[PDB]
């Protein structure tokens, strides 16, 4: 199976920063493009950030330069650094690979941003 | 042109097995991902199974572990083994490559499953 | 940034020919698939032609054998030859790469075909 | 793990994803056609 | 037929398919917008 | 510019495009579901 273990969420003040981690097993992050998603309560899952096999990145417009996706190939782990957080970023954050989004989701990590 | 020659369908009892074949010309099956589709009367074409260039496979949920897609590179032929067939699998089955689904379809092979 | 500089449009008689050019900067046309699009007034942008990294081509049905996409790798330029033009081809024509269609469009080149 | 192994696995991921995106498109095309029929019927 | 020939042909298939999936999306986006206008008009 | 550099850049273009096509699909799936709810409500 593929294992996805998200961590690093919590309760943060507006203007604060978080660094989310997803520890992956069963596929190599230096072989596969990896995505971060978020889902606010009662809303559709939104793609947040992507990193390609060879390290190109793209972000949703809601990130607007605040988020940085990266990975550690040795730890087989994907990271999302989130700066200048806003209440509207409150959501559960999920990491996945695109070929498995129809198949399995991890538990996610809760991010709550308060003013 | 690309030629697609489907065979191996017929009339089978529920719980029976079939092995469909598609003999391909004009593209190499060991170079191209290849798909099996089915279409029941008056219904939309449903993707059934896919095999990638390097041999990974995926199946529609309706296959649920019963179908196995494979190929013979020397015969340039794609196969779909179908076990534990059900009346609901009655359809015309088609093989194609994704870049040609807007362009050409073969005659298909009729599969009829009776109880 | 990516720069897209379209030229070669103008006013042409029906049955006439044009050769559009798009001079590209910031990506290599021999590395990226490149697309030509058109947009008539008040209508949706329509994909017209595509050329892949390794030189395969495809055309919208409206081209129906009249258009030929090509490129010059040294000039980093994509071309669209358009023969037997019709009044219905009047539109602004745009070149782009698929990864940037959500991001930036050049000014386009106006093509007007009169009978 | 070679560059070629990475390329192969990327291509495999892409092809699997393309088949899933197509299936999603077909499901939605059926749903939209059903809506169009509901709004177009006599 | 090399691994590189296979990779090249897979990439070519993928790019052709992506252009076709985009065209299908644009056609459906026009159809959905037409439905939205029908249901939203005064 | 090698064949491998070309392949890598094609793969990168494809993966970026796939993420954008998925986002467009999700936006449209929300719009279609909203239409279905409007036409299905009591």
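Tally the residues that are outside any helix (DSSP H, G or I), closer than 17 Å to residue C:45 by Cα and either out of contact with any strand residue (DSSP E or B) (no Cβ under 8 Å at 6 or more places or on another chain) or within 14 Å of chain F (Cβ to nearest Cβ) (or both), restricting the search to the range C:65-106.
Looking only at that region, the number is 6.
Pull up the range C:35-51, narrow it to residues that are out of contact with any strand residue (DSSP E or B) (no Cβ under 7 Å at 6 or more places or on another chain) and away from chain F (no Cβ under 14 Å), then point me to the one that is surrounded by the most Cβ atoms within 10 Å (Cβ to Cβ). Steps first, please.
First pass over the range C:35-51, keeping only residues out of contact with any strand residue (DSSP E or B) (no Cβ under 7 Å at 6 or more places or on another chain): C:41-44.
Keeping just the survivors that are away from chain F (no Cβ under 14 Å) gives C:41-43.
Details: C:41: 7, C:42: 5, C:43: 10.
Filtering the range C:35-51 for residues that are out of contact with any strand residue (DSSP E or B) (no Cβ under 7 Å at 6 or more places or on another chain) and away from chain F (no Cβ under 14 Å), the one surrounded by the most Cβ atoms within 10 Å (Cβ to Cβ) comes out as C:43.
Looking at F:33, F:18 in this structure, which one is in a helix (DSSP H, G or I), over 16 Å from residue C:34 (Cα atoms) and more than 9 Å from chain C (Cβ to nearest Cβ)? It would help to see each step written out before you state the result.
Working: F:18 fails: over 16 Å from residue C:34 (Cα atoms).
Only one candidate passes the filter, namely F:33.
Quick check, is residue A:56 closer than 20 Å to residue A:107 by Cα, buried (at least 17 other Cβ atoms within 10 Å of the Cβ) and either away from chain D (no Cβ under 14 Å) or free of Cβ contacts under 8 Å to residues at least 60 places away in the same chain (or both)? It would help to see each step written out before you state the result.
On the way: closer than 20 Å to residue A:107 by Cα: no; buried (at least 17 other Cβ atoms within 10 Å of the Cβ): yes; either away from chain D (no Cβ under 14 Å) or free of Cβ contacts under 8 Å to residues at least 60 places away in the same chain (or both): yes.
In short, no.
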Strands (runs of 3 or more DSSP E) wholly in the range B:1-51 with at least 3 residues that are in contact with a helix residue (DSSP H, G or I) (Cβ under 8 Å, 6 or more places away or on another chain) - which ones? B:46-51
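Looking only at the range F:1-15, filter to residues that are surrounded by fewer than 16 Cβ atoms within 10 Å (Cβ to Cβ) and at the interface with chain C (Cβ under 8 Å from one of its Cβ atoms); which one of those is nearest to residue E:5 (Cα to Cα)? Quick ask: steps written out before the conclusion?
Of the range F:1-15, the ones surrounded by fewer than 16 Cβ atoms within 10 Å (Cβ to Cβ) are F:1-5.
Next cut, at the interface with chain C (Cβ under 8 Å from one of its Cβ atoms) only: F:1, F:5.
Values: F:1: 18, F:5: 15 Å.
Here the answer is F:5.
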Sole exception among (1) within 14 Å of chain E (Cβ to nearest Cβ); (2) part of a loop (DSSP other than H, G, I, E, B) for residue B:62, by number: (1)
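Which of the residues belonging to the range B:60-85 are surrounded by fewer than 15 Cβ atoms within 10 Å (Cβ to Cβ) and in contact with a helix residue (DSSP H, G or I) (Cβ under 9 Å, 6 or more places away or on another chain)? Before you say what the answer is, go through the steps one by one.
Start the filter on the range B:60-85 by keeping residues that are surrounded by fewer than 15 Cβ atoms within 10 Å (Cβ to Cβ), which leaves B:61-62, B:64-65, B:70, B:72-75, B:83-84.
Listed by number, the list holds a single entry, B:62.
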If we ask which residues in the range F:1-41 are closer than 18 Å to residue E:35 by Cα and under 13 Å from the mean Cα position of the chain (by Cα), their number turns out to be 6
Just the residues that are closer than 14 Å to residue C:107 by Cα and crowded, with 19+ Cβ neighbours inside 10 Å, please, taken from the range C:22-34. C:22, C:24
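Virtual Cβ from ideal backbone geometry, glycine too; neighbours counted across all protein chains shown. Computed from the coordinates by the stated procedures, all read-outs in this text should not be read as laboratory data.
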